[PDB]
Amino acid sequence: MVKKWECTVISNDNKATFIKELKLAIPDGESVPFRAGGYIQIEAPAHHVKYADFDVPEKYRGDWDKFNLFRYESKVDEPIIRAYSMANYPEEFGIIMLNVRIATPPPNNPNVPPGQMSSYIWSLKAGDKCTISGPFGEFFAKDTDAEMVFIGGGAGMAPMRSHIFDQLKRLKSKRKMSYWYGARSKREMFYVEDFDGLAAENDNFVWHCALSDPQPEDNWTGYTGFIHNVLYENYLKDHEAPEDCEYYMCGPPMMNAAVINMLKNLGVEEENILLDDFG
């Protein structure tokens, strides 16, 4: 049942301004027996970390400097635990990959404490230990032949990647599949080579990214605006049977609400709407 692993951090690089990909090596090269969409728990001891010690690459530091985010510190005097979704799929053996947003204090409340566990995770470097437990889960794919529409935003990426690779690689699915991902700007995109490669290799999979706040330096000529509107205008509006698809979503609360509203207005039933709310 519930097992615990004292893992070793392989890498903990930024994938976006405010997202790190934590890669963990499982002891003895064993694999966590998880399902795509599932999660583990990370636990951490009492500790004290400083944002100034974070490894944030130059290309991502712009908004860190703009909003003086390196000011922050997190002192935690009790053990803590949190859930994080796997970004790897089950046959990426011997590892656990996470996509962790740094939960800074809100702008209108800049002096409340920073997020406890995400600050701790962003402190980790290669060779550090990280204890996880699980696996757990409920955000699982349905076992049908229905067309799948995956809708991700921001820091909701991880279960989308896990799901999509699980279908196309482990299950060798022939189901029609698409992924619609909303990012603020081009530097906030990630897993581009992974999804481009899957799309190129699988005639039943395509993906699209929309930028809601494209930046002058992005030279962006792709889709813009909120991902739900892009998905509607460029695919679902013309679809002959949107109610016949299964929708799997993980994104900001406002994205989830806009998506659900749009789908219900197309006649999609709740049975066909699955989402993972991180709380």
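Each residue number is its position in the shown sequence, starting from 1.
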Quiz item: With respect to the recorded C-alpha B factors, which stretch has the higher mean value, 245-253 or 61-69?
Solution: 61-69
Quiz prompt | 176-184 or 126-134, whichever carries the higher mean Cα B-factor | solution = 126-134
Quiz item: Among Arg170, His163, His208, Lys75, which residue carries the highest C-alpha B-factor recorded in the PDB entry?
Solution: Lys75
Quiz item: Per the entry, which of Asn88, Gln116, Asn109, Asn204 tops the list for Cα B factor?
Solution: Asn109
Quiz prompt | Ranked C-alpha temperature factor of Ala16 among modelled chain residues, by third | solution = middle
Quiz prompt | Record-listed C-alpha B factor of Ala52: chain third | solution = highest
Quiz item: Which third of the chain does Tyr223 land in by C-alpha B-factor: lowest, middle or highest?
Solution: middle
Self-check item: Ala25 - which third its CA temperature factor falls in, relative to the rest of the chain
Solution: middle
Quiz item: In terms of the CA temperature factor given in the entry, to which third of its chain does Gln41 belong: lowest, middle or highest?
Solution: lowest
